[PDB]
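Peer 1: Below is the structure I would like to discuss, written out as structure tokens.
Counting neighbours? That spans all protein chains shown, and the Cβs are built from the backbone with ideal geometry, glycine included. Taken together, the values in this text are just the output of simple stated rules run on the coordinates, not laboratory data.
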Amino acid sequence: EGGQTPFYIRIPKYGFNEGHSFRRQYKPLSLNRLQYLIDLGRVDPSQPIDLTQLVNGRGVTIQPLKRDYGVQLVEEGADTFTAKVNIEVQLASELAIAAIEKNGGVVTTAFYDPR
RNA sequence: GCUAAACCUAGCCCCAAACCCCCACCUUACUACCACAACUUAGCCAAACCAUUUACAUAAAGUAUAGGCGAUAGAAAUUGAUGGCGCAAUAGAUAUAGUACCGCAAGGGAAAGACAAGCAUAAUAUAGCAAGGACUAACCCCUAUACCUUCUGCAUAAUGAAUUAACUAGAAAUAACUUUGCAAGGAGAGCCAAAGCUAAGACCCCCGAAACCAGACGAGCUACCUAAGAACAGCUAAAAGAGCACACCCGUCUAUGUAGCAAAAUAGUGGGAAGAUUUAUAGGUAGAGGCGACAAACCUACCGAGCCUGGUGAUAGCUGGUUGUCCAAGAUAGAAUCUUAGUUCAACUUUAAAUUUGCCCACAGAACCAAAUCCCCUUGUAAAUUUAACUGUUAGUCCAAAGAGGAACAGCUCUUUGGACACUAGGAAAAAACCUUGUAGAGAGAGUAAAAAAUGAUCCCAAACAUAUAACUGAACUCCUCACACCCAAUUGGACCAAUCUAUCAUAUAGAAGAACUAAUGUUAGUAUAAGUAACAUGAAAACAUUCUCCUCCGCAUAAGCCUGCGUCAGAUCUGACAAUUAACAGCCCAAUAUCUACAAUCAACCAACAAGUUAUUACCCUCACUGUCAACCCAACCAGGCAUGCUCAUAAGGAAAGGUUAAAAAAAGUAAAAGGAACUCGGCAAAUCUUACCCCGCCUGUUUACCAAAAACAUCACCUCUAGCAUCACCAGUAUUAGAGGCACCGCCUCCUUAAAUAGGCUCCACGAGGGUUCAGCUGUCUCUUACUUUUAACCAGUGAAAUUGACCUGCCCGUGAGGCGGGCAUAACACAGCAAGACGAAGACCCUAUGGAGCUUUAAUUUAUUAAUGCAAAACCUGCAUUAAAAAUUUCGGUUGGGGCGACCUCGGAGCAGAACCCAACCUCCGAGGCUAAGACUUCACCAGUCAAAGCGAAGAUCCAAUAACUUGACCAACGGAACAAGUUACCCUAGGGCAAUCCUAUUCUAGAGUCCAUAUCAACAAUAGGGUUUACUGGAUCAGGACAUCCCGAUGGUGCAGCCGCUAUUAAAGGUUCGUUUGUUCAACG
Ligand SMILES: [Mg+2]
Ligand SMILES: [Mg+2]
Ligand SMILES: [Mg+2]
Ligand SMILES: [Mg+2]
Ligand SMILES: [Mg+2]
Ligand SMILES: [Mg+2]
Ligand SMILES: [Mg+2]
Ligand SMILES: [Mg+2]
Ligand SMILES: [Mg+2]
Ligand SMILES: [Mg+2]
Ligand SMILES: [Mg+2]
Ligand SMILES: [Mg+2]
Ligand SMILES: [Mg+2]
Ligand SMILES: [Mg+2]
Ligand SMILES: [Mg+2]
Ligand SMILES: [Mg+2]
Ligand SMILES: [Mg+2]
Ligand SMILES: [Mg+2]
Ligand SMILES: [Mg+2]
Ligand SMILES: [Mg+2]
Ligand SMILES: [Mg+2]
Ligand SMILES: [Mg+2]
Ligand SMILES: [Mg+2]
Ligand SMILES: [Mg+2]
Ligand SMILES: [Mg+2]
Ligand SMILES: [Mg+2]
Ligand SMILES: [Mg+2]
Ligand SMILES: [Mg+2]
Ligand SMILES: [Mg+2]
Ligand SMILES: [Mg+2]
Ligand SMILES: [Mg+2]
Ligand SMILES: [Mg+2]
Ligand SMILES: [Mg+2]
Ligand SMILES: [Mg+2]
Ligand SMILES: [Mg+2]
Ligand SMILES: [Mg+2]
Ligand SMILES: [Mg+2]
Ligand SMILES: [Mg+2]
């Protein structure tokens, strides 16, 4: 800025990003999307839905190398979800647990290390 | 018509593949043959200084991490791995060649081979950016201030260009926009994804410093030193840095010369010339180093720090450049910044896109203490806001107005409202800034706008006109017939396109790219201009055998250097062949071991000194090989220069000062000069003559700034001060009467005259000085005052034949504007030749300012102790590690506004007038101080960063980075107060890039009013007023020639007088003519005869 102290140096530091490379990330899998994938025949609800079968149906795109650890079910679309699925994900809000149980479904949260 | 112009390939560039190749020679390299050794990149460069710091498959990932946490730097785990839209002789390699040539050396480093400019055929005719309108007609008429770049516009204010041809300067990401594919997914793994992804398309130049660091090359020049050599006539004087003076060395003063004979010479005049002298030969000292009788002197022509290669395409807020066509939008609020020669933000500009209000604006409304301004309903309009994406400009000039500063002036600094300029056109003379006028083309149509004067110094300046009806003239404005994108800088958008290559046709559609030159003191080649100019050369006659005239510190030889460089023949105006220089002279040397090796040389004897100057034994009975041998010569680019020694000392040797002519100027050298003899001049410089006296400085001889200073500077005997008790590489084969480092400079003594005239001259201390000043006498063309002759130059004829310079020129004078070129007058047929120097701001060197350029010097400016030296502590009598103290260095910097730059103040924030009435507006203008939590909406110091107010609701009544921190957070400095973490004084040695209508007053005319023995006018004439003219520092003369005005000093004419008269005094008129010589001195005057 011509010698005047630059704008990006007169504003104090704060840990907006400290640790960002190690804060784990999870790709959402909304119930809307799960229903949409089930209907069009991409995932198969007559077979346990793990991460492999979510990806082999191109339902979510997992990036291991960017510190994604897995999927998280999100409550969006709890209404209108009608499917009997045995889904294994890496997180779940209690509303998603409900949405999967109310229709006679089992949901289990597993863990997967980056390797 | 010459000169030229043209061509193809010889080769090369980038890839792929494949791992590539007889003799002599380290001594003086290219020479057959005898007794030591090799083993961290600093820094240019970024941080806009600089100091820590700064780069040398794909993906992960520009992530972790490092970092004045600034600039920037930056992993790993894991993943998986024969060809050419190339050049084609200024290109491609530098290449026909690392040759020629340059340099001592390291090293540098070429060229080329196959009807352009310039001229001729054919010189020109008043006048003028060389053209345009035209015209029957080339000129004549009217119009018309060259181009680029930089400053606000620039008449050329300044910079650049002789001219042609060739070569020569926009490379790329982050987003965005456009067009395709696919679309909740895209992508040929890694990435993105709340319509996004993938692909393509578009956008970021060239030349130039002083410098820095590293490694090489240089002491054949010069500075000094070493070894072993050489020179120094004659006279005077006898052991001396003695006197006069040759060879030799130096270089005082003047003149010539200034691209010269010479990148420092020539001629004369000069200093030394037995010594501290001069000099040939080999060796040594090497660049922050050497050497230095210190001058920043010299180290291979350019040294306040050599040269070459590399880092290097150094960097450059600075200068200069930046190449096809056409159209369109397009300009002067401000803030911060080691900042005002620049950058970033804003404001303004541009494009694409979205949306709906934008501008003008009455009535109402805005405070207590003149102009106008603000705000909106309508109305005339069609624009405005918002979003996405970039560049560019920024502290401009003039005019009207209101203010502040300098008078209410100085064409003066600053703020504000408006206009114009940097855009077109017409007017006021020329004219950026006044008045008139804009949207662009063709017309041999038309209507208008503005627009005319009244009553001191070269040469006045349109010519004229008192009285025939007021209208006409006049633009690119407007109308007319036709056609329309077709007149701004920086910038931005768009439509076209020259030429080349590739794909397909086989000029088009595409794709590419070394893709376009009126301009960089651009580079290379060609040819011009100055120019057939400056300059150069061959003694005479002849019968080519010879004779004559004149000249030389020259000639012959050796050495050094060079290497066939005027011998014959044959071809030309130099090329080839042939031939040569014969060793006795000179070089090329030596078997070993021990021994010795005290006393000079000077005609070497007298006196006298100091600087002190080979063999005995052992081994060998071998013979002349090898090389230089020439010349007109070497170092200076080819040369009035440089070059050691021996002998000839004016020549037995060697040469030629005049191409022919005439006898102009100016110039150069020389000779002569009447009377006077320094009156010249800064000065007796030069020349002629040869004498004297003093004063200042330095004791003397000597040395120094190669190439502007030879001195009053350096050195020097003598004296003094400081340090040092001693081995084999200097001091030193030395030892306190010695050695090194400093100051000073023997010795003795102490710690009013001058001239006619005058600003000049007048601690003791002999001798000396190209030192400085003064004087006597003489001398002389220095001068009063020039003149003649000779030589060179010169001018002409003949031969040979440059260079600076050059935008184009068809190249006048006077006045005005701001000048050969503009305006108004005047002049004007064309053309050589020789002169001159008034003008063409006619073609190196200085001075002021700037750069967060460079290099220094000093320090009590900041940082360091790495290296050394002392200690101190551990380590096994010496070295290693750590710490402290010092010296020695090393790296680094020099804030801002300013009287007239310096001195001195201030530098952030706040309040009052300028800024009278929303907002804002400068000051080194005017006057003063300070250092509870949550949350709708807003205001703001014209950016940002900061800053400010706040309904409701819930609870109680001076920045960033760093360190200490558990913390809740915390501070100093940053006051140069948007802040480098820590840096001053100075450059007379500096280098590069660049910029350059007077307050106070002087004088004359107006009231006379005051005086003058009476009386203003015979004189001063006070203040003031009206006139023409300047005052810059504190808090440029002289010679030479002079042109001009009159405001007249003289001469001329006239009036009054208190001159009763010449002369005086004032006043009018008059510029044809004239307006002296000297002493002292040089802000230039003044004084004096
Ligand atoms: Mg600063
Ligand atoms: Mg720097
Ligand atoms: Mg070539
Ligand atoms: Mg070449
Ligand atoms: Mg021609
Ligand atoms: Mg001119
Ligand atoms: Mg020029
Ligand atoms: Mg020598
Ligand atoms: Mg550059
Ligand atoms: Mg600057
Ligand atoms: Mg326009
Ligand atoms: Mg309104
Ligand atoms: Mg028009
Ligand atoms: Mg074509
Ligand atoms: Mg080009
Ligand atoms: Mg050129
Ligand atoms: Mg001439
Ligand atoms: Mg001549
Ligand atoms: Mg021989
Ligand atoms: Mg012999
Ligand atoms: Mg001989
Ligand atoms: Mg002879
Ligand atoms: Mg001759
Ligand atoms: Mg002649
Ligand atoms: Mg005489
Ligand atoms: Mg002397
Ligand atoms: Mg002397
Ligand atoms: Mg001639
Ligand atoms: Mg004039
Ligand atoms: Mg002439
Ligand atoms: Mg600066
Ligand atoms: Mg500097
Ligand atoms: Mg104020
Ligand atoms: Mg302000
Ligand atoms: Mg603000
Ligand atoms: Mg409240
Ligand atoms: Mg500052
Ligand atoms: Mg400031």
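Peer 1: Just to verify a result, which residue in the range A:1-27, among those that are over 30 Å from A:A96 (Cβ atoms) and among the basic types (K, R), is surrounded by the fewest Cβ atoms within 10 Å (Cβ to Cβ)?
Peer 2: Filtering first and then ranking leaves A:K13.
Peer 1: Consider only pairs whose beta carbons are under 8 Å apart and that are at least six residues apart or on different chains; among these, list those whose first residue lies in the range A:101-115 and is closer than 16 Å to A:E75 by Cα and whose second residue is among the small types (G, A, S).
Peer 2: Sorted first by the residue in the range A:101-115, then by its partner, the pairs are A:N103/A:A83; A:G105/A:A83; A:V107/A:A92; A:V107/A:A96; A:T109/A:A92.
Peer 1: Let me ask another. Would it be correct to say that A:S30 is among the small types (G, A, S), surrounded by fewer than 14 Cβ atoms within 10 Å (Cβ to Cβ) and within 21 Å of A:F111 (Cα to Cα)?
Peer 2: On the way: among the small types (G, A, S): yes; surrounded by fewer than 14 Cβ atoms within 10 Å (Cβ to Cβ): no; within 21 Å of A:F111 (Cα to Cα): yes.
No, not satisfied.
Peer 1: Give the range A:80-115 a look and list any residue that's of a type outside the set (D, E, K, R), part of a strand (DSSP E or B) and closer than 19 Å to A:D44 by Cβ, or say none.
Peer 2: Hits for the range A:80-115 are A:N86, A:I87, A:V89, A:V106, A:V107, A:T108.
Peer 1: Return the total of residues in the range A:36-49 being surrounded by fewer than 18 Cβ atoms within 10 Å (Cβ to Cβ) and either more than 8 Å from RNA strand B (Cβ to nearest atom) or part of a loop (DSSP other than H, G, I, E, B) (or both).
Peer 2: Here the count works out to 9.
Peer 1: Could you run through the range A:12-35 and say how many residues are more than 12 Å from RNA strand B (Cβ to nearest atom), free of Cβ contacts under 8 Å to residues at least 60 places away in the same chain and of a type outside the set (S, T, N, Q)?
Peer 2: Total satisfying the criteria: 1.
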